[PDB]
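> Need coordinates for the following:
(chains A, B and C, ligands or ions: 6)
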Amino acid sequence: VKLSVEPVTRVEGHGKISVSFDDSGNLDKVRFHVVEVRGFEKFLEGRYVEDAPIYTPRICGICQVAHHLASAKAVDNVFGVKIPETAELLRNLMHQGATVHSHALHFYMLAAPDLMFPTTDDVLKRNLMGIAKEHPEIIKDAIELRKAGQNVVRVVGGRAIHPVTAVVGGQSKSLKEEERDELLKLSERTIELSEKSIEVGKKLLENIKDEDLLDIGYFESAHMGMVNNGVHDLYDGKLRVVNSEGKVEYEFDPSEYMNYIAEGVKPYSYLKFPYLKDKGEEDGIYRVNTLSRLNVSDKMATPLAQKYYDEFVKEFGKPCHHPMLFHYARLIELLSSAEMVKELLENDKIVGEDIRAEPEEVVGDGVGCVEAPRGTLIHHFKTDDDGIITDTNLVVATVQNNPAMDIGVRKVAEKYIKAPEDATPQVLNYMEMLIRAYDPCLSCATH
Amino acid sequence: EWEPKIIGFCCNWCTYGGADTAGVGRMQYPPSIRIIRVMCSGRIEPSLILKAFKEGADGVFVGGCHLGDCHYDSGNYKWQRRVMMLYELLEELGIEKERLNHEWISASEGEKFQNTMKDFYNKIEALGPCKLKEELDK
Amino acid sequence: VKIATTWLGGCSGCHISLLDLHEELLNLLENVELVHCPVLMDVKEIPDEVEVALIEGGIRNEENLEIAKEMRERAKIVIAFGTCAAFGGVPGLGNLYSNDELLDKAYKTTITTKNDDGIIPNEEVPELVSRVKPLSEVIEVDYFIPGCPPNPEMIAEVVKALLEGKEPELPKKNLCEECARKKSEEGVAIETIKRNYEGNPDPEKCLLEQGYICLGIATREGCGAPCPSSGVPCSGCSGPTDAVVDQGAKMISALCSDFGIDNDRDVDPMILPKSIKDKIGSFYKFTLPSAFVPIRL
Ligand code: NFU
Ligand code: SF4
Ligand code: SF4
Ligand code: SF4
Ligand code: FES
Ligand SMILES: [Fe+3]
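Numbers count the residues shown, from 1 in each chain, chains lettered A, B, ... in the order given. Ligands and ions are numbered 1, 2, ... in the order given. Take a look:
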């Protein structure tokens, strides 16, 4: 007997789950398959390097800002140019606003339907329309958060989806004093709604705990995230890796990522299986984003988020390996990003006119790195003396959570499925809930 | 077993007359080409040549007045700038530069037109068929 | 009114622009009956009797082809949702290489890839189609919403017109209309061609007249021209107007015509081809699959 969950819904991209049974009717193989690939790494060859921040956002419509900025950083390294401080603040403001939009989008429109209705037979109710009918306030708040995030991106990036201001040497336009004032006034409401969102999460995750679903897909692994002097940072710093017990294995500059990360290939998925080179395929499994970033960080960079982080650490410890608690970690980051938008808008250097540095002589190699809302994002480009791309490598966030998703769906089936009859619509949805906990972006992951 | 499919674009004042002269003088040449009439070579743009290759052309020929002798004074200078870019674009698309041929032939140059048709035909016959349409029809 | 959506070889950006309707999304969803949308609901199969269908992305693999054909049979009206579905989009640049080259790079030669047996995923995954194709090349498309992604207002305008029973109408002019940059009354004249990083562009003058390859002249309006307003040239993400089939060919025609027009008889015709080292990437970023020559042989 062979069952297939396709397509996996309320996830970005194309994925599917296969569940097979042996001749006796016992659970045999459970796999997570990603059924798409576009080949961005190869088709970027021959393109102008300065055009990478125009092409990479098209890898994903949700986290297009992360790609635009990761590409811009790689391009800045190819030209050997250090951008002015105002440009760094504008790029970070754009990045923080995009994180607010992405985290709010996933938690409310993709994850909340299962956290609110984890044991429903009504499939037509498990979505944002179903939540809006009984709790309209929750969806209005989600929309207002997304609107605030996208507005910051639209103003600093020029476009809400696929921004264009991060150019060689800095930004193509400056933030005007009147624009900065408007965004700063609107920034306070985003922080309030983010605090409100964390409380909605506590309640919904309590409901999940009551149904014995808080430990679905549980397994222990290493965790990776960017840190700036040990502080949680989504824009600048070094990449830190902690083992399953919280011990820092290593800390490295993103330009040396090829000496620590490896990507395996399995015949049943277009999504690769990364791991820590020194440890291997099984002992070197690691996770990225939200909870993994909280696990590697000494503390948060903002005060309100730090308070929820302290309360969470005291209750679940460090490191927390629970896939479902990635939902809670996501809400803490949603607040930290909202707080950072305000913090960056309060920095007088944000409205400066020295936004660009003249491109220096070309260097045929540049690595760009940022923490995309779904994990560590690395854009690596190699070019010729004319600045034409010759080789590229993209290690895109969710790919690093592929092993965790494949293991997790197997663990969910092991817990609830013994025979084909046990695979009820609700139990099949439990497997998708584990997938959703990681906020996967499958178009992103395969690129 | 195979004959090249060549499309031609000739200006009404010079190359069209040059092709007529070749005909009046019974100047024989291969029957692969099919000529399209325009008033000036300045009417020719990348879109018409790329469209021809899409349709299955093995070779594309363009004929205009001599530089400085355009019936409309300078239409051929714009086409000359367009064709130089088009030659390199074809190479980037895997189409041999040699599959496109542009020449300056007057209304009195029947013999030159005949030899240009013979040379272009021989060039395309040697290259073999352009497999674009076959790749697109897959 | 039963409405459905699906995605093929795109990035989800068109669906995100639909969500960028914000408060208006709820007003829209109360009028229409959403019966299938992978990103928002769990209805797995496309149901029968769909009145309007929004299909995002172009055709990249065999599954996209099946879904496109299935949605066409179930929906009365099919809409090519976004530049990928209408013209092929950025993934279309993959047509400049063979599928084996795209796959060998992603699963073998990338610096971090470890593939011992040297295999390409082939189990429970669909094969790639020979080349990226716009939706209209495989199924009958009734309407299309251009843009990468289309602005949220345009998406609502098109959908609203179809709910009322009216025929949707898209803007017809090129981008210079909406662009706030000042043009020379004497006409456009290009002296030299520069790459976007060369020099410091004047914020008031037309970028094309300054020597930058701006696609605004060969691109449909509607976006509000945010790129030139932000200090960078238009990349042509909205595609061509209704009177132009091959955007790149027409952009090349215009650029070549005005290059050295003040010195027309003496300007060297080899400066322009020599100055542009990436032609396809300069003129076919978002429309290569819809071009007359949509692949590299
Ligand atoms: N967040 C995010 Fe992307 Ni749609 C993923 N996965 C990128 O780096
Ligand atoms: S048209 Fe643009 S935004 Fe829409 S799916 Fe394609 S790349 Fe994404
Ligand atoms: S900058 Fe581009 S869109 Fe604006 S007027 Fe010049 S060519 Fe047109
Ligand atoms: S200016 Fe050009 S590239 Fe930018 S959004 Fe408009 S159509 Fe797209
Ligand atoms: S008329 Fe012959 S080229 Fe202008
Ligand atoms: Fe990759």
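
> By proximity to ligand 3, which residue of the stretch 201-350 of chain A wins?
Residue of the stretch 201-350 of chain A nearest ligand 3, by CB to the nearest ligand atom: residue A:350 (26.6 Å). C-betas here are computed from N, CA, C, even on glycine.

> sorry, that was for the stretch 151-297 of chain C
residue C:216 (2.4 Å).

> Measure how buried that residue is and give me the count.
Applying other CB atoms under 10 Å in any protein chain shown, we find 27 residues neighbouring residue C:216.

> is it fair to say it lies in a helix?
Yes: counting by DSSP: H, G, I helix; E, B strand; the rest coil, one finds residue C:216 located in a helix.

> Would you agree it is in contact with residue C:208?
Yes: counting by CB atoms under 8 Å, residue C:216 does reach residue C:208; the two are 7.2 Å apart.

> Centre-most residue in chain B?
Nearest to the mean C-alpha position of chain B, by CA atoms, centre = their mean, lies residue B:61 at 0.8 Å.

> who's in contact with that residue?
Going by CB atoms under 8 Å, 6 or more residues apart in numbering or on different chains, residue B:61 touches B:6, B:7, B:8, B:9, B:33, B:101, B:102, B:103, B:116, B:117, B:120.

> Dig out what it forms beta bridges with.
Judged by DSSP bridges, the bridge partners of residue B:61 are residue B:8, residue B:101.

> From residue B:83, how far out is it?
11 Å (CB to CB, to the nearest Å).

> I'd say the residue of the stretch 201-350 of chain A closest to ligand 3 and residue A:89 touch.
Yes: counting by CB under 8 Å, residue A:350 does reach residue A:89; the two are 5.0 Å apart.

> list the residues that contact both of those two?
Common neighbours of residue A:350 and residue A:89, counting by CB under 8 Å, 6+ apart, are residue A:344.

> Please, where are all the helices along chain A?
A:40-43, A:52-55, A:64-78, A:85-104, A:112-116, A:128-134, A:136-157, A:177-210, A:291-296, A:303-316, A:326-346, A:402-416, A:425-437, A:442-446 (DSSP state H).

> should've said the stretch 51-200 of chain C
Taking DSSP state H, counting those that start in this stretch to define them, one finds helices in the stretch 51-200 of chain C at C:62-74, C:83-87, C:99-104, C:152-164.

> who's in contact with the helix or strand just after the last one?
So the one you mean is helix C:152-164. Under the assignment DSSP states H and E, the closest C-terminal helix or strand after helix C:152-164 is helix C:207-210. Helix C:207-210 is contacted from outside by C:181, C:183-184, C:188-190, C:194, C:199, C:201-202, C:214, C:216-217, C:228, C:233, using CB under 8 Å, 6+ apart.

> close to ligand 3, is helix C:207-210?
Yes: shown here: helix C:207-210 in contact with ligand 3 (CB under 6 Å from any ligand atom) through C:207, C:208.

> And the residue of chain B found nearest chain C, how far from residue B:130?
Going by CB to the nearest CB, chain C is nearest to residue B:94 of chain B, at 2.9 Å. Residue B:94 sits 10 Å away from residue B:130, going by CB to CB.

> just residue A:7 next, same as before
40 Å.

> how about the nearest residue to residue A:231 once chain neighbours are set aside, what does it touch?
In this structure, residue A:231 finds its nearest non-sequential neighbour in residue A:301, 5.2 Å apart by CB to CB, 6 or more residues apart in numbering or on different chains. Residue A:301 makes contact with A:228, A:231, A:232, A:233, A:336, A:340, according to CB under 8 Å, 6+ apart.

> give me every residue that touches whatever residue of chain B ends up closest to ligand 1.
Proximity of chain B to ligand 1 (CB to the nearest ligand atom) peaks at residue B:92, 30.1 Å away. Residue B:92 sits next to C:96, C:279, C:280, C:296 when contact means CB under 8 Å, 6+ apart.

> element containing the third one, please.
Put plainly, it is residue C:280. Applying DSSP H and E as the criterion places residue C:280 in helix C:279-283.

> Can you give the contact residues for stretch A:182-189?
Under CB under 8 Å, 6+ apart, the answer for stretch A:182-189 is A:144, A:148, A:151, A:152, A:155, A:338, A:341, A:342, A:345, A:346.

> how about the helices of chain B, start to end?
With DSSP H as the criterion, chain B has helices at B:15-24, B:46-55, B:75-92, B:110-127, B:132-137.

> Could you dump the ones you listed into CSV and include distance to ligand 3?
Below are those laid out as CSV (distance: least, CB to the nearest ligand atom, whole Å):
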stretch, distance to ligand 3
helix B:15-24, 34
helix B:46-55, 19
helix B:75-92, 18
helix B:110-127, 37
helix B:132-137, 31
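
> For the residue of the stretch 201-350 of chain A closest to ligand 3, which residues are in contact?
Neighbours of residue A:350 in contact, by CB under 8 Å, 6+ apart: A:86, A:89, A:90, A:93, A:175, A:180, A:344.

> Pull out the buried residues from those.
Buried by 16 or more other CB atoms under 10 Å in any protein chain shown: A:86, A:89, A:90, A:93, A:175, A:180, A:344, out of the contacts of residue A:350.

> give me phi/psi at residue A:163?
Note on residue A:163: backbone dihedrals following degrees, to the nearest 10 are phi -70, psi 160.

> Quickly note the distance from the closest residue to it other than its chain neighbours to residue A:57.
Among residues not flanking residue A:163 along the chain, residue A:157 sits closest, at 2.5 Å (CB to CB, 6+ apart). Distance of residue A:157 to residue A:57, computed by CB to CB: 10 Å.

> out of the two, which sits in the busier spot?
Remark: of residue A:157 and residue A:57, residue A:157 carries more neighbours, 32 against 29, as counted by other CB under 10 Å.

> quick one, what contacts the residue lying closest to residue A:25 once chain neighbours are set aside?
Computed as CB to CB, 6+ apart, the closest residue to residue A:25 that is not its neighbour in sequence is residue A:419, at 5.2 Å. Contacts for residue A:419 were tallied using CB under 8 Å, 6+ apart; they are A:21, A:25, A:26, A:27.
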